[PDB]
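**Student:** Before I ask anything, here is the structure I am working with.
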Amino acid sequence: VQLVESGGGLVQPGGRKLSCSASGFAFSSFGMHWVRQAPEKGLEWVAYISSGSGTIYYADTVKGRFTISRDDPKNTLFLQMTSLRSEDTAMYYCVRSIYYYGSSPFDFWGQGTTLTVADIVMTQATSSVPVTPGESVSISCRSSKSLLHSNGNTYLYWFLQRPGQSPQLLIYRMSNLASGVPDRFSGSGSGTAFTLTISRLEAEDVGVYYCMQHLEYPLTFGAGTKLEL
Amino acid sequence: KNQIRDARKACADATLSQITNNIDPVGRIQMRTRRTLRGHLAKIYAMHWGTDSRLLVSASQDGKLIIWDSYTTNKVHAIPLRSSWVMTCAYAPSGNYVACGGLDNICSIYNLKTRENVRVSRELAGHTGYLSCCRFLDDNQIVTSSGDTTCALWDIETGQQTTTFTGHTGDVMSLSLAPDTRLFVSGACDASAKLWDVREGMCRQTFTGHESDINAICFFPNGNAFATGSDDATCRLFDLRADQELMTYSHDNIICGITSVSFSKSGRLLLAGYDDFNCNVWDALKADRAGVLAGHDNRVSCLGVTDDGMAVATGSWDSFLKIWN
Amino acid sequence: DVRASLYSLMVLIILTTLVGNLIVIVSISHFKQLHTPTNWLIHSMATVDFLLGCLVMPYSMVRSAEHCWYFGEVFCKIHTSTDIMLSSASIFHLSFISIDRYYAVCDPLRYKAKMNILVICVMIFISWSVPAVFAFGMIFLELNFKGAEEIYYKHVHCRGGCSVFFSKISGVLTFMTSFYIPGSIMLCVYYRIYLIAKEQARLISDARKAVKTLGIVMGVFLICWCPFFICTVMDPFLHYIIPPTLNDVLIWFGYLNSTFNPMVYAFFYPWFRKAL
Amino acid sequence: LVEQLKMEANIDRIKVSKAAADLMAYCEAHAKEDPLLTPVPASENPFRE
Amino acid sequence: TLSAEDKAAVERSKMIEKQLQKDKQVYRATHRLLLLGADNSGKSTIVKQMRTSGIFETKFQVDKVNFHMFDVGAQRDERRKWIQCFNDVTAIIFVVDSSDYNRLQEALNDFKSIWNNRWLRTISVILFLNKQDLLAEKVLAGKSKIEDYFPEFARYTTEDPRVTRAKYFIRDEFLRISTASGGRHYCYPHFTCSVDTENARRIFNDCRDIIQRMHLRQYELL
Ligand SMILES: NCCc1ccc(Br)cc1
């Protein structure tokens with residue numbers, strides 16, 4: 001599957017449309033997300049549009065400033081930006097998602113395009129863990145409230161962004177590995193405290209680790225820990 | 001031929017009813033429908049629970065497979081079939097695949113877990129008659145019984161019949177896999193059931209004495225016994241070791257035959273769907289009808305008991321499923 | 001003696017109406033096998049008849065036996081509007097049942113496509129709305145009483161309670177709206193269906209139920225409403241010489257039709273009898 | 001045909017009483033965790049009103 | 001349902017339900033027919049002219065009315081089981097080769113089995129009789145005595161008169177079985193040449209009559 005984005009660049013304040021063209025999957029059956037990542041910050045959920053455009057959810061910071069749309073016959077997603085501010089200068093990622101019982105949302109992420117001009121809070125206490133290859137690594141995270149719902153599912157997702165490329169899903173709901181991720185990552189938690197551990201350590205495991213809560217749509221990502229070699 | 005019958009008669013030391021005459025019978029088991037799964041267009045011909053005991057796939061004569069979320073009634077998947085008439089469906093033990101078959105002599109295997117929706121992973125061809133039952137051994141092999149009086153173990157990766165099972169004179173209507181998944185049973189319209197060894201690929205035992213064509217079959221959870229249901233309004237329970245029938249579940253009131261037979265988790269409850277619009281629950285050790293599952297407006301066609309045994313799903317010809325608990 | 005007998009007969013009619021409508025409504029509502037598009041119209045007609053019974057018949061019996069109205073004008077206007085609305089709704093439901101049968105037995109290959117849930121819902125909405133708007137606008141805005149203030153005052157003295165007085169033009173308009181177009185549609189549709197059924201029966205015999213069924217339906221619809229509506233239409237042009245007894249009696253023909261409607265549209269058909 | 005019958009005839013068989021006892025033992029052993037046979041509390045099942 | 005993921009699952013289920021509603025709209029506005037016959041008959045020729053697999057489905061539309069026609073392919077001789085799948089079809093088009101003179105009794109037995117089937121009650125049968133032209137040269141050329149196969153042909157009365165007499169003898173022999181039993185379903189005999197374009201039209205007419213009579217019986221006007 002592929003999700004390639006187009007658009008972005010240098011714009012004066014107060015002013016674009018970003019396009020995300022899909023090729024390799026049934027675009028109409030997947031919900032879509034736009035997620036920001038500032039150079040000086042981590043990932044930031046921006047927008048979400050459902051499979052049938054029935055429900056659309058927006059970032060708390062920008063609600064009327066951005067608009068989102070999709071066309072299934074062209075298999076394309078559009079984010080139109082209105083009244084761009086200084087803070088709206090982050091990398092934009094077009095994230096595939098799908099929600100049924102046993103699904104793995106946020107599984108595929110686009111490469112992204114550069115752009116220059118009451119919700120729960122999750123903080124990762126550590127900023128960077130110094131470790132050595134071949135040793136188990138532990139990354140901890142916390143949430144402002146019990147993240148386990150009445151269904152028994154805890155809606156926490158762990159993503160790894162290897163330097164120089166887009167993030168890729170590692171863990172969803174702390175008990176489920178992703179599709180192609182190595183069988184050395186695992187997650188655990190109790191509702192508030194959350195921990196991802198790697199038994200081994202390879203060269204490709206270097207990157208930035210992010211945690212997100214999907215209990216509520218205004219999505220609270222995490223600070224992200226840089227797994228320095 | 002007569003030697004086997006004589007040996008079976010000699011081995012019958014006593015009837016199971018006499019041994020189970022002194023036990024305490026279970027009371028009137030009252031089960032109420034907790035969920036109604038609707039959306040199918042035509043009559044429902046088959047269903048199969050998942051090993052997770054939450055997902056279940058059902059097949060409709062309109063040419064549609066539907067994978068439900070039985071806990072929340074949501075419709076997880078809707079697969080449109082290439083052939084309108086489907087008479088069987090199976091759900092893979094790992095949950096990655098679903099099978100169906102019908103009037104077309106094809107077993108369609110659909111891959112649920114795709115990077116893409118749901119695509120047909122394989123189209124097993126080679127059977128001469130219509131498929132009546134298909135059951136997954138694992139993600140790579142599947143046993144399908146058809147209307148040309150033959151069963152077949154396939155290799156999904158290759159698509160060719162790894163093994164063929166012959167010996168039935170009438171077309172096979174249903175099959176069930178043992179819990180060990182090393183051998184299975186097949187009931188045919190020859191008014192007999194046959195035990196096939198998957199590895200050996202040959203018939204092991206033959207059970208007769210069941211008047212009409214067998215419409216459904218299932219294993220006892222222990223794996224050493226199996227219950228059959230046919231069109232003469234009676235259910236039989238055969239024991240593999242004794243090579244004979246143990247008890248007979250029938251009533252003078254019941255006239256129409258059975259379409260589906262299932263067991264409880266412990267084997268104490270035998271649930272049989274009937275053409276008379278509802279299902280009967282029997283004490284499997286005393287042959288006493290303890291409980292009736294009424295509420296279907298047409299003939300019951302498929303039953304299923306979850307692996308954990310908490311609920312039983314019933315699908316019939318009114319295009320509605322009901323989750324009794 | 002006469003008053004007691006009249007009250008007993010009215011109470012029996014009310015009980016029969018309410019019962020039959022209640023069984024019909026609960027039968028279509030509860031049973032999932034009777035949820036066909038053609039059965040929701042019958043359910044709505046039963047609801048109309050039940051509402052007519054409960055909201056009209058006790059009060060009509062009181063004003064016809066005691067020959068007086070206890071309440072004031074506020075309740076009188078509401079009762080008259082409800083009476084007209086529910087009678088017209090029942091007649092419209094009968095007409096839509098006739099149209100549904102026409103599409104069932106004259107365009108058989110496209111019956112399920114043409115007569116689906118959307119179309120029957122539109123029919124039910126029309127039957128519940130057009131009579132409602134017509135009755136409320138005609139009664140509450142004094143449309144019928146317009147141009148006949150002296151006649152209304154004279155009828156007030158003769159009929160101390162409430163009367164459904166109608167003027168010369170308004171009476172003709174409401175007769176057309178509530179009995180002519182639905183009645184003509186029913187009559188022509190049923191004549192065509194009778195011809196089709198007779199031809200089919202002759203063809204089958206070469207290689208009657210229709211007469212009895214259609215005669216029963218048309219007679220039940222006619223012997224009740226046609227006298228009442230004919231007298232209502234002709235009375236303003238006849239200089240108001242209609243005796244009060246014919247009008248109370250006539251008012252009772254309609255309720256008898258509401259009583260008979262479940263029996264003739266749901267109890268005459270063996271499938272409903274087996275289901276119930 | 002004849003070979004299959006001969007193979008089926010020469011199999012090991014046990015008395016019906018032993019099989020009945022085995023089924024009774026399995027049913028009695030596993031009756032403790034049978035939700036259909038023993039009604040589970042309404043707060044311990046995923047199918048509740 | 002309170003959760004976000006459960007809400008998205010619910011909306012996916014609602015989209016599935018909308019697709020199923022559209023499929024139901026298509027499914028109600030079409031008529032399903034079961035085509036039966038034999039190898040010697042012209043069922044394949046009929047379906048070709050109109051428009052190890054176990055079934056073949058044919059779509060044909062006439063007067064803006066859609067007709068599914070299912071013809072079972074590679075199946076065993078016994079059909080008492082899968083025929084239960086066709087208890088809700090509009091009609092059963094039974095095709096007979098009239099020029100065989102040998103499989104005619106087999107066709108009669110098959111039609112008797114289908115007509116008296118327990119699951120096929122209230123399902124009407126449309127008789128197509130192919131090879132009418134072949135029957136014509138067979139009758140006019142002689143060398144094949146019709147009375148030899150059926151002794152009652154000689155003691156029976158109604159192009160050449162002999163061809164018409166044979167055609168109507170076969171038709172009466174077929175309709176005697178239908179008239180022997182049944183009031184819930186009817187037989188509609190027809191004569192079809194090797195290649196005729198009126199097959200769809202007469203199927204449409206017979207289906208219209210079948211549904212009209214079923215509706216009249218349902219409302220008790222017959
Ligand atoms: N129950 C009949 C009441 C009625 C009165 C006037 C008109 Br115009 C129609 C109906």
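Here's how to read the names in the structure tokens: chain A, B, ... by the order shown, residue numbers from 1 in each chain, ligand numbers from 1 in the order shown.
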Would you list the contacts of stretch 22-38 of chain D as a list in words, taking every protein, DNA or RNA residue within 9 Å and counting only C-alpha atoms, but skipping same-chain residues closer than 4 positions in sequence?

**Tutor:**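 Listed by chain and then number, they are residues 20, 26, 29, 31, 220, 221, 222, 224, 225, 264, 265, 266, 267, 268, 269, 285, 308, 309, 310, 311, 312 and 325 of chain B; 17, 18 and 45 of chain D.
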
**Student:** What residues of the protein or nucleic acid chains come within 6 Å of ligand 1 when you use only C-alpha atoms and all ligand atoms? Reply as a PyMOL selection string.

**Tutor:** chain C and resi 83-84+87+174-175+251+254-255

**Student:** Name all residues at most 8 Å from stretch 11-15 of chain D (count only C-alpha atoms; drop same-chain ones fewer than 4 positions away) and give them as an mmCIF file with N, CA, C and O atoms, in the first residue's frame.

**Tutor:**
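Ended up saving to selection-v3.cif:
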```cif
data_model
loop_
_atom_site.group_PDB
_atom_site.id
_atom_site.type_symbol
_atom_site.label_atom_id
_atom_site.label_comp_id
_atom_site.auth_asym_id
_atom_site.auth_seq_id
_atom_site.Cartn_x
_atom_site.Cartn_y
_atom_site.Cartn_z
ATOM 1 N N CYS B 11 -20.713 -56.355 21.997
ATOM 2 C CA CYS B 11 -20.065 -55.338 22.816
ATOM 3 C C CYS B 11 -21.054 -54.474 23.587
ATOM 4 O O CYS B 11 -20.636 -53.747 24.493
ATOM 5 N N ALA B 12 -22.345 -54.531 23.253
ATOM 6 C CA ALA B 12 -23.364 -53.743 23.947
ATOM 7 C C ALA B 12 -23.719 -54.429 25.267
ATOM 8 O O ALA B 12 -24.691 -55.179 25.385
ATOM 9 N N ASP B 13 -22.892 -54.157 26.279
ATOM 10 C CA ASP B 13 -23.123 -54.735 27.599
ATOM 11 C C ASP B 13 -24.438 -54.250 28.194
ATOM 12 O O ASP B 13 -25.217 -55.046 28.731
ATOM 13 N N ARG B 241 -15.464 -45.654 20.369
ATOM 14 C CA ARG B 241 -14.869 -46.884 20.881
ATOM 15 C C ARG B 241 -15.843 -48.054 20.807
ATOM 16 O O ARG B 241 -15.456 -49.167 20.432
ATOM 17 N N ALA B 242 -17.110 -47.827 21.162
ATOM 18 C CA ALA B 242 -18.083 -48.914 21.145
ATOM 19 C C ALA B 242 -18.538 -49.247 19.730
ATOM 20 O O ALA B 242 -19.048 -50.348 19.491
ATOM 21 N N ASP B 243 -18.363 -48.317 18.788
ATOM 22 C CA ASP B 243 -18.758 -48.509 17.391
ATOM 23 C C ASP B 243 -20.245 -48.849 17.279
ATOM 24 O O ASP B 243 -20.644 -49.791 16.590
ATOM 25 N N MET D 7 -11.248 -54.351 6.899
ATOM 26 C CA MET D 7 -10.443 -53.463 7.732
ATOM 27 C C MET D 7 -11.264 -52.880 8.876
ATOM 28 O O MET D 7 -10.775 -52.763 10.005
ATOM 29 N N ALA D 19 -17.888 -46.880 27.842
ATOM 30 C CA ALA D 19 -18.090 -45.621 27.134
ATOM 31 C C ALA D 19 -19.096 -44.736 27.857
ATOM 32 O O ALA D 19 -18.901 -43.518 27.966
#
```

**Student:** Looking only at strand (DSSP E or B) from DSSP on the backbone, list the matching residues of stretch 15-208 of chain A as a ChimeraX atom specification.

**Tutor:** /A:17-23,31-37,43-49,56-58,66-71,76-81,91-97,109,113,116,122-123,128,137-143,148,154,156-161,167-172,176-177,185-189,193-198,207-208

**Student:** What does the file look like for those residues with C-alpha atoms, as a short mmCIF file (atom, residue, chain, number, x, y, z; two decimals), in the first residue's frame?

**Tutor:**
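What ended up in again.cif:
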```cif
data_model
loop_
_atom_site.label_atom_id
_atom_site.label_comp_id
_atom_site.auth_asym_id
_atom_site.auth_seq_id
_atom_site.Cartn_x
_atom_site.Cartn_y
_atom_site.Cartn_z
CA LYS A 17 -4.44 22.53 0.26
CA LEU A 18 -2.58 19.29 1.00
CA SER A 19 -3.45 16.20 -1.03
CA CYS A 20 -2.98 12.56 -0.05
CA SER A 21 -3.33 10.10 -2.93
CA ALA A 22 -3.69 6.42 -2.06
CA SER A 23 -2.62 3.47 -4.20
CA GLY A 31 -10.81 6.27 7.80
CA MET A 32 -8.16 8.92 7.35
CA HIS A 33 -6.17 11.10 9.73
CA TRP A 34 -3.98 14.17 9.35
CA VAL A 35 -1.24 14.26 12.00
CA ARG A 36 1.29 17.05 12.59
CA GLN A 37 4.90 16.81 13.73
CA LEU A 43 3.50 14.21 16.83
CA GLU A 44 0.20 16.10 17.00
CA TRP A 45 -3.17 14.77 15.83
CA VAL A 46 -4.85 17.31 13.55
CA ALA A 47 -7.93 15.87 11.84
CA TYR A 48 -9.94 12.69 11.30
CA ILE A 49 -12.51 11.78 8.64
CA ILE A 56 -15.37 14.29 11.25
CA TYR A 57 -13.27 15.27 14.26
CA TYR A 58 -10.83 18.16 14.53
CA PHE A 66 -8.64 23.74 8.69
CA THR A 67 -11.16 21.77 6.68
CA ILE A 68 -10.95 18.13 5.60
CA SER A 69 -12.53 16.24 2.71
CA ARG A 70 -12.15 13.09 0.64
CA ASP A 71 -13.16 11.68 -2.73
CA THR A 76 -7.77 11.11 -2.54
CA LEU A 77 -7.82 13.04 0.74
CA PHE A 78 -7.72 16.84 0.99
CA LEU A 79 -6.84 19.17 3.86
CA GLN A 80 -7.55 22.82 3.04
CA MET A 81 -5.72 25.28 5.29
CA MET A 91 5.28 18.20 8.97
CA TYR A 92 1.92 16.77 7.89
CA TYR A 93 1.33 13.01 7.74
CA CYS A 94 -1.61 11.26 6.08
CA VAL A 95 -2.38 8.25 8.28
CA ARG A 96 -4.55 5.33 7.21
CA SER A 97 -6.90 3.86 9.80
CA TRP A 109 1.60 6.39 7.49
CA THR A 113 5.21 17.00 2.95
CA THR A 116 6.72 26.37 6.44
CA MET A 122 -0.12 12.13 28.38
CA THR A 123 3.47 12.80 29.42
CA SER A 128 15.89 9.89 26.00
CA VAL A 137 14.97 -1.34 26.81
CA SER A 138 12.00 0.01 28.77
CA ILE A 139 10.00 3.13 27.87
CA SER A 140 7.38 4.44 30.30
CA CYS A 141 4.35 6.69 29.84
CA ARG A 142 1.44 8.02 31.88
CA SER A 143 -2.09 9.25 31.27
CA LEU A 148 -9.02 1.38 30.10
CA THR A 154 -7.09 0.06 26.74
CA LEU A 156 -3.13 3.21 23.75
CA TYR A 157 -0.94 3.05 20.64
CA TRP A 158 2.86 2.95 20.40
CA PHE A 159 4.54 4.28 17.25
CA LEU A 160 8.21 4.26 16.26
CA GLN A 161 9.60 6.92 13.93
CA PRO A 167 6.46 6.82 11.76
CA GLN A 168 5.23 3.24 11.69
CA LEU A 169 2.82 1.56 14.09
CA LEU A 170 4.35 -0.79 16.66
CA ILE A 171 1.70 -1.60 19.27
CA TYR A 172 -2.06 -1.12 19.58
CA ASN A 176 -1.17 -6.66 19.92
CA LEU A 177 1.88 -6.41 17.70
CA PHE A 185 8.44 -5.41 21.18
CA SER A 186 5.81 -5.79 23.88
CA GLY A 187 3.55 -3.57 25.93
CA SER A 188 1.98 -3.63 29.37
CA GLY A 189 -0.01 -1.37 31.66
CA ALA A 193 1.08 3.61 33.95
CA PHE A 194 2.20 2.20 30.60
CA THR A 195 5.41 0.48 29.55
CA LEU A 196 6.84 -0.78 26.26
CA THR A 197 9.83 -3.11 26.46
CA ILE A 198 12.20 -4.51 23.83
CA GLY A 207 14.40 6.35 16.50
CA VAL A 208 11.74 8.21 18.46
#
```

**Student:** Mind pulling up the distance from atom CA of residue C:40 to atom CA of residue C:118?

**Tutor:**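 So the answer is 11.3 Å.
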
**Student:** Check every residue of chain A for an atom within 12 Å of chain D, counting only C-alpha atoms, and provide those that qualify as a list in words.

**Tutor:**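 Taking only C-alpha atoms into account, residues 150, 151 and 152 of chain A sit within 12 Å of chain D.
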
**Student:** Based on the selection just made, write C-alpha atoms of those residues as a PDB file, in the first residue's frame.

**Tutor:**
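Generated file (again.pdb):
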```pdb
ATOM      1  CA  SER A 150     -15.580  -0.588  30.187  1.00  0.00           C
ATOM      2  CA  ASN A 151     -15.033  -2.919  27.215  1.00  0.00           C
ATOM      3  CA  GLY A 152     -11.744  -4.061  28.758  1.00  0.00           C
TER       4      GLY A 152
END
```

**Student:** Assign secondary structure with DSSP using the backbone only, and return the residues of chain D in helix (DSSP H, G or I) as an MDAnalysis selection string.

**Tutor:** chainID D and resid 2:9 16:33

**Student:** With only C-alpha atoms as the basis for distance, which of B:76, B:172, B:216, B:10 is at the shortest distance from chain A?

**Tutor:** B:76

**Student:** Give me, as a list in words, the contact residues of chain B against chain A at a cut-off of 8 Å, counting only C-alpha atoms.

**Tutor:**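 That gives residues 69, 76, 115, 116 and 117 of chain B for chain B.
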
**Student:** Would you mind listing, as an NGL selection string, all residues of chain E that have at least one atom within 7 Å of chain A, where only C-alpha atoms are what counts?

**Tutor:** :E and (3-5 or 8-9)

**Student:** With only C-alpha atoms as the counted atoms, please give the residues lying no more than 8 Å from residue E:129, apart from itself and same-chain residues fewer than 6 positions off, as an NGL selection string.

**Tutor:** :E and (95-98 or 189-193)

**Student:** Name the residues in contact with residue B:209 at a cut-off of 10 Å, using only C-alpha atoms, excluding same-chain residues fewer than 5 positions from it; report them as a list in words.

**Tutor:** residues 191, 192, 193, 236, 244 and 245 of chain B

**Student:** I'd like the contact shell of residue A:218 - 7 Å cut-off, only C-alpha atoms, skipping same-chain residues fewer than 3 positions apart - returned as a list in words.

**Tutor:**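 Answer for this query is residues 58, 59, 60 and 119 of chain A.
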
**Student:** Can those selected residues be exported to a file as a PDB file, in the first residue's frame so that it contains C-alpha atoms?

**Tutor:**
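Full text of part13.pdb as output:
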```
ATOM      1  CA  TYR A  58     -10.835  18.159  14.530  1.00  0.00           C
ATOM      2  CA  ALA A  59      -7.948  19.291  16.697  1.00  0.00           C
ATOM      3  CA  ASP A  60      -8.890  21.451  19.666  1.00  0.00           C
ATOM      4  CA  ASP A 119      -8.778  16.802  26.628  1.00  0.00           C
TER       5      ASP A 119
END
```

**Student:** Considering only C-alpha atoms, return as a list in words whatever protein or nucleic-acid residues lie within 12 Å of residue C:62, sequence-local ones (same chain, fewer than 2 positions apart) excluded.

**Tutor:**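 Here the qualifying residues turn out to be residues 3, 4, 6, 7, 8, 10, 11, 56, 57, 58, 59, 60, 64, 65, 66, 67, 68, 69, 70, 71, 161, 162 and 248 of chain C.
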
**Student:** Identify all chain C residues at most 10 Å from chain B by counting only C-alpha atoms; ligands do not count. Present them as a list in words.

**Tutor:**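 Therefore, the residues near the partner are residues 31, 32 and 33 of chain C.
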
**Student:** Next, write the just-selected residues to a file, as a tab-separated table (two decimals), in the first residue's frame, keeping N, CA and C atoms as the atom set.

**Tutor:**
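Dumped everything to selection.tsv:
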```tsv
chain	number	residue	atom	x	y	z
C	31	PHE	N	-45.83	-9.46	15.52
C	31	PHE	CA	-45.38	-10.50	14.61
C	31	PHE	C	-44.47	-9.91	13.54
C	32	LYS	N	-43.30	-10.52	13.38
C	32	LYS	CA	-42.34	-10.09	12.37
C	32	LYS	C	-42.64	-10.64	10.99
C	33	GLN	N	-43.51	-11.64	10.88
C	33	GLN	CA	-43.90	-12.19	9.59
C	33	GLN	C	-44.98	-11.38	8.89
```

**Student:** Looking at C:97, C:210, C:130, C:223, which one is nearest to chain E, with distances taken over only C-alpha atoms?

**Tutor:** C:210

**Student:** Pull out every residue of chain E that has at least one atom within 12 Å of chain C, counting only C-alpha atoms, and report them as a PyMOL selection string.

**Tutor:** chain E and resi 21+24-32+62-67+90+172+175-176+178-179+183-189+203-222
